[PDB]
Each structure stands twice: as C-alpha cells, then as structure tokens.
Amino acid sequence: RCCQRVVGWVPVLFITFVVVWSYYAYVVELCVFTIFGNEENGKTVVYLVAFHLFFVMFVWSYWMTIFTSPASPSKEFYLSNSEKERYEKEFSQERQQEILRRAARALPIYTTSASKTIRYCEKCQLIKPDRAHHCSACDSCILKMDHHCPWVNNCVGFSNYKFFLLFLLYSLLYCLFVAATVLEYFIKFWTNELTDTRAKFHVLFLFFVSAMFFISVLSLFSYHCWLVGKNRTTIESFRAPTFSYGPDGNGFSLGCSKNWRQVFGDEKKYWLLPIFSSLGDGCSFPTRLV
C-alpha cells in the first residue's frame, strides 16, 4: 500500500515548515525589518548570531533523530533454522519454551515475559534481547526501544535516544530564545509603538507558537529526564520487566549518576552534541543485582 512514507512524513514536514517559517519570521521579519529598522543594529547582530547557534543545534539534533536507523538484534538472537523448524512444528506450549532455553543459554538475557517465559517475537521470529521490543510501525525489533515517535517518523531506541533527548533540549532552548527576544517587540506592536502590519503577524505568531511548543515539549523533556535518571524506557515505565527474582522497576538502574552516563557517555564533549556516545551495545545491559 501507500505505507508509512505517504503519511508518516506528514508530521515531519509540518514541523519542518513551521521551523522554516520561524527562520524567515525571526531573521527577516523581526531582526531585519523590525529590530534593524528601529536603529538598534547592535541587538540585530547579537540576536542573529545567537539565533543561528540555537537553530543549528536544533536542526542537527532533529536530523539525527529522524534518520538514525534503529538498532536491531544481532545474529545470535535469531533462532536457527534447526530451532525454527522445531519451534514452528511444536504444538505443546510447554515444549516450545524448552527449545528457547538451549539457545538462550548462550546469550546474556536476564528478563522474561510477564508469564516468566522467554521473550520471543512471532513476526520477527527471534528471541527479544533485554529491553528490546517489536514495533509494528518500524516492522522490526528495536534495541532498548522507548516508543515510536510520529514527530520524527522513526523509532526512538538505543541508536537515537540521546539524539532524541538533545532534539528536545534544543527545541526548549530554541523556543525559549525566540519567546524571550520577541516579547519586547510583541508588546510594542500591540501597544502601537511599532506599526508594520507584515511583521505584526509574524511577531505575534513567533511569540505564541514558540510558547506553545515550549510548554508542550517542557513536560515531555522533564518526563524523560526522570526516565533517564531511573534508567527506564517508556515501555518499562508502564510494564516493568520481569527478572529472575520477579518484576523490578529498577532492574536496570545503576544509580542516578551512572544511569545518565549509560545514555550520554563519559566524555563531556559529546554530552550536548548529537553524536553517538551511548555505552554498551543495546543487546545486554548492566543490572542492579547481578
């Protein structure tokens, strides 16, 4: 059929066109026509330079989140044809899990289903690694899957999670920078200290749209800051993973300081850059116990 591309790219292009408009409105309508027209050219240069630094970090982080392909399980997590033949032909439910145990003994998996059964994906025909889940939209198993984000038309998992968090952060700073600088000129237009009708429209919407996204993404950003501190994905935050000693909402937690390092790494120079720096490989994760 039309597949995701026909409609899945719609939220991306909507955000893209809003961001493109915000560039034209802030740079041309505001900085060139409004601020530079008011004979305060010093503020124009500072605003234009500062705006482009936030604009670049946002678009860079947004690009990385969209086009970073989600990681999938390695070869060891696919059932062998010998094991697949017996698994597909087996009728007894108890017998099926016994085949998995022989293959699972080689790989480092510390979690099971809510029924204490080895996590297995029927459509993908493989044994789900720890924290990995199958996405119907992505049609694949995603390592450390968080959720499918329509806004980036991609899965948010082990590969792009830090890019996703930076995409949020730089959206917060971008919207905040716009609202803070536009406010004084938004007020002047409607107290009739400034008159230009073409810029009046863009300056009003620059303030309202940036304030609408700031409030929207701030709660989302604060929520994920809590998730990273607890080392829980969005899926795990609802249905806690079941370990050998039972379900644990803190099974993958290593302490607040260590949990952030798992996502952002140990080198400070990569923390704020949308460059891959997460620890591990996405198939095995350190555990709270052993």
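So that there is no doubt, residue numbering starts at 1 and follows the sequence shown.
> Given the B-factors recorded for C-alpha atoms, which segment has the greater mean, 263-271 or 8-16?
Here the higher of the two C-alpha B-factor means belongs to 8-16.
> Between 27-35 and 239-247, point out the one with the higher average CA B-factor as the PDB entry records it.
It is 239-247 that shows the higher mean C-alpha B-factor.
> Select one of 144, 200, 134, 162: the residue whose C-alpha shows the highest B-factor in the crystal structure entry.
Of 144, 200, 134, 162, 134 has the highest C-alpha B-factor.
> Between 210, 82, 191, 216, where does the Cα B-factor run highest in the record?
Of 210, 82, 191, 216, 82 has the highest C-alpha B-factor.
> Should residue 139 be placed in the lowest, middle or highest third of its chain by the C-alpha B factor in the entry?
According to the entry, residue 139 has a C-alpha B-factor in the chain's highest third.
> Taking the entry's C-alpha B-factors for this chain, is residue 196 in the lowest, middle or highest third?
It falls in the middle third of the chain.
> Lowest, middle or highest third: which one holds residue 184 when the chain's residues are ordered by CA B-factor from the entry?
It falls in the bottom third of the chain.
> Classify residue 120 as lowest, middle or highest third according to the C-alpha B-factor given in the PDB entry, relative to its own chain.
Highest third of the chain for residue 120's C-alpha B-factor.
> Can you work out whether the C-alpha temperature factor of residue 104 puts it in the lowest, middle or highest third of the chain?
According to the entry, residue 104 has a C-alpha B-factor in the chain's highest third.
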